[PDB]
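Student: So in our numbering, spot 217 of the sequence shown is number 1319, and the numbers just go up one at a time.
All C-beta atoms in this analysis are idealised placements derived from N, C-alpha and C, irrespective of residue type, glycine included.
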Amino acid sequence: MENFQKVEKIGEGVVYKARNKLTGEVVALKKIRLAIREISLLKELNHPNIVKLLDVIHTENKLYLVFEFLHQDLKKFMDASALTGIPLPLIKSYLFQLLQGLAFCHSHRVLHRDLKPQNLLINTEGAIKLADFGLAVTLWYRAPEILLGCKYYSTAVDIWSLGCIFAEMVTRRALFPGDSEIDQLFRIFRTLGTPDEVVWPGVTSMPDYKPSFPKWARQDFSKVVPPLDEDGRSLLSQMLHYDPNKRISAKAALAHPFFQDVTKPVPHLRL
Ligand SMILES: NCCNc1cc(-c2ccc[nH]2)c2c3c(ccc(F)c13)NC2=O
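(1) When you compare only the Cα positions, how much space is there between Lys1231 and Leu1371?
(2) For the alpha helix (DSSP H) containing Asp1157, list its first residue and its last residue.
(3) For the alpha helix (DSSP H) containing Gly1203, list its first residue and its last residue.
(4) Nearest by alpha-carbon distance to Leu1217: which of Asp1285, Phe1198, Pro1329, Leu1264 is it?
(5) Can you list every residue whose CB sits closer than 5 Å to some heavy atom of ligand 1, going in chain order?
(6) Within the continuous alpha helix (DSSP H) that includes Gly1265, where are the two ends?
(7) When the distance is taken between beta carbons, is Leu1342 closer than 8 Å to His1173?
(8) Given a cut-off of 8 Å, decide if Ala1205 and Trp1242 are closer than it, judged by their beta-carbon atoms.
(9) In terms of residues, what are the limits of the beta strand (DSSP E) holding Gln1107?
(10) I'd like to know whether the C-beta atoms of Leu1176 and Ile1224 end up nearer to each other than 8 Å.
(11) Looking only at C-alpha atoms, which of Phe1315, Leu1131, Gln1286 sits nearest to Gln1107?
(12) So what does DSSP say about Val1117, is it helix, strand or coil?
(13) Within the chosen definition, does the region 1356-1371 reach the region 1208-1216 through at least 3 CB pairs nearer than 8 Å?
(14) Measure the beta-carbon distance from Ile1193 to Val1272 and round it to whole angstroms, keeping in mind my assumption that it falls under 8 Å.
(15) Between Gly1228, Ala1355, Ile1267, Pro1328, which lies nearest to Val1368 when the distance is taken from Cα to Cα?
(16) Measure the C-alpha to C-alpha separation of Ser1183 and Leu1190 and round it to an integer number of angstroms.
(17) With 16 other CB atoms within 10 Å as the buried threshold, where does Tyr1254 fall?
(18) Give the DSSP-derived three-state secondary structure of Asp1175 in the structure shown.
(19) Among the candidates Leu1338, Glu1283, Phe1235, whose CA atom is the shortest distance from the CA of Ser1324?
(20) Looking at the unbroken beta strand (DSSP E) that takes in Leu1144, where does it start and where does it end?
(21) The alpha helix (DSSP H) that contains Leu1124, what's its start and end?
(22) Could you check where the beta strand (DSSP E) with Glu1170 kicks off and where it finishes?
(23) Do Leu1250 and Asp1310 have their beta-carbon atoms positioned less than 8 Å apart in this structure?
(24) Enumerate in chain order the residues of its own chain whose CB-to-CB distance from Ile1141 is below 7 Å, with the five nearest sequence positions on each side excluded.
Right under this line is the structure:
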């Protein structure tokens, strides 16, 4: 670890941009403080659309995770495109790539659990990668089953989160900017309608389900993410299904007609 030289803090454990004094390579260091080699498997989980975990340095009373370093996260890129708006071809490519990474680790029975713009990294080659996988403060992207107390949720929670992000890239506003758990759950219910046994069997048996939840109708998906086309709205619709079992999987999402004309644009980045 005396092998590394900090360059700057880039994320808040904390994450630093570091320079390996020997290899001379620049990386991202995750400093963790406050017993599972779930991490040891993550180490072998390599894919072009997943930020690579280079090393795990366990010494003293700290745990440092050395990762591949990308220059910009999707959040910063979105604000930089706020007035112009991320072009659809670029949006499509990004969606497509993330779905590739998710399909990959999901087939390995590994979930990210906390997908969000800041956990998505981009480079100048037009690539976007999943970063900072969580292990078993913003609730904006949490799927409803989690919000409802599901202890053993599936890979479908990453799809929900990605769907929210998809919606954000298109509209340039958070789909569900909740500021507390109930508020998050209620902003979700206000948009897609309160879930019931019809559209989500077993929902009322969810640990935090409350028969007293207000009952809202589902608003038209045409009001949710304009001016996205029919294909896009069809895909988002299936990524946002209440029932985790009916929610589309990453793999099947790859075959959605929306990705028929998918290309790989190269973003104009201002590093
Ligand atoms: N999700 C909070 C911050 N986490 C990481 C951020 C970055 C990053 C931000 C701006 C540029 N880069 C990186 C990053 C990483 C590996 C693991 C991480 F958790 C983060 N490699 C990175 O480049």
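Tutor: Here's the rundown:
(1) The sequence position of residue 1231 within the sequence shown is 129, counting from 1. The sequence position of residue 1371 within the sequence shown is 269, counting from 1. Computed Cα separation, rounded: 15 Å.
(2) As a first step, residue 1157 must be located in the sequence shown, where it is residue number 55. Taken as a continuous stretch (DSSP letters only), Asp1157 belongs to no alpha helix (DSSP H), being part of the beta strand (DSSP E) at 1155-1161.
(3) Position 101 of the sequence shown, counting from 1, holds the residue named residue 1203. Start and end: 1190-1208.
(4) Translated into positions along the sequence shown, residue 1217 becomes position 115. When only C-alpha atoms are compared, the closest one is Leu1264.
(5) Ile1112, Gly1113, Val1117, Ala1130, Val1153, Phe1169, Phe1171, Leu1172, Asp1175, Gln1220, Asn1221, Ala1233, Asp1234
(6) Looking up residue 1265 in the sequence shown gives position 163. Here the alpha helix (DSSP H) through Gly1265 covers 1258-1273.
(7) In the sequence shown, the residue the question calls residue 1173 occupies position 71. In the sequence shown, the residue the question calls residue 1342 occupies position 240. Taking 8 Å as the Cβ cut-off, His1173 and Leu1342 do not qualify as a contacting pair.
(8) To locate residue 1242, count along the sequence shown from 1; it is residue 140. To locate residue 1205, count along the sequence shown from 1; it is residue 103. In this structure, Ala1205 does not lie closer than 8 Å to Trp1242 by Cβ.
(9) For this step, residue 1107 is matched to residue 5 along the sequence shown. Taken as a continuous stretch (DSSP letters only), the beta strand (DSSP E) holding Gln1107 covers 1106-1113.
(10) Within the sequence shown, residue 1176 is the residue found at index 74, counting from 1. Within the sequence shown, residue 1224 is the residue found at index 122, counting from 1. Yes, the Cβ-Cβ distance between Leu1176 and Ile1224 is below 8 Å.
(11) Position 5 of the sequence shown, counted from the start, is the residue given in the question as residue 1107. Nearest to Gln1107 by C-alpha distance, out of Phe1315, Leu1131, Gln1286, is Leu1131.
(12) By one-based count along the sequence shown, residue 1117 stands at place 15. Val1117 falls in the strand class under three-state DSSP.
(13) no
(14) On the sequence shown, position 91 is the one that residue 1193 refers to. On the sequence shown, position 170 is the one that residue 1272 refers to. Their Cβ separation, rounded to whole angstroms, is 6 Å, which keeps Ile1193 and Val1272 in contact under 8 Å.
(15) Reading the sequence shown from its first residue, position 266 is the one you call residue 1368. That would be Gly1228, whose Cα lies nearest to the Cα of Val1368.
(16) Working through the sequence shown from its first residue, we reach residue 1183 at position 81. Working through the sequence shown from its first residue, we reach residue 1190 at position 88. When rounded, the distance between both Cα atoms is 12 Å.
(17) Sequence index remark: in the sequence shown, residue 1254 carries index 152 (1-based). Looking at its Cβ environment, which holds fewer than 16 other Cβ atoms inside 10 Å, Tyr1254 is exposed.
(18) In the sequence shown, counting from the first residue as 1, residue 1175 sits at position 73. Looking at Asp1175 - three-state DSSP - the assignment turns out to be strand.
(19) The sequence position of residue 1324 within the sequence shown is 222, counting from 1. It is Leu1338.
(20) For the purposes of this step, residue 1144 is taken as the residue at position 42 of the sequence shown. Element bounds for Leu1144: not the beta strand (DSSP E) but the alpha helix (DSSP H), 1140-1146.
(21) The residue given as residue 1124 occupies position 22 in the sequence shown. Here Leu1124 belongs to no alpha helix (DSSP H), and DSSP marks it neither H nor E.
(22) Here residue 1170 corresponds to residue number 68 of the sequence shown, with the count starting at 1. Residues 1164-1170.
(23) As a working mapping, residue 1310 is identified with position 208 in the sequence shown. As a working mapping, residue 1250 is identified with position 148 in the sequence shown. Yes, the pair counts as a contact, with Cβ atoms nearer than the cut-off.
(24) On the sequence shown, residue 1141 is found 39 positions in, with the first residue counted as 1. Excluding residues within five positions, the ones whose Cβ falls inside 7 Å are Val1158.
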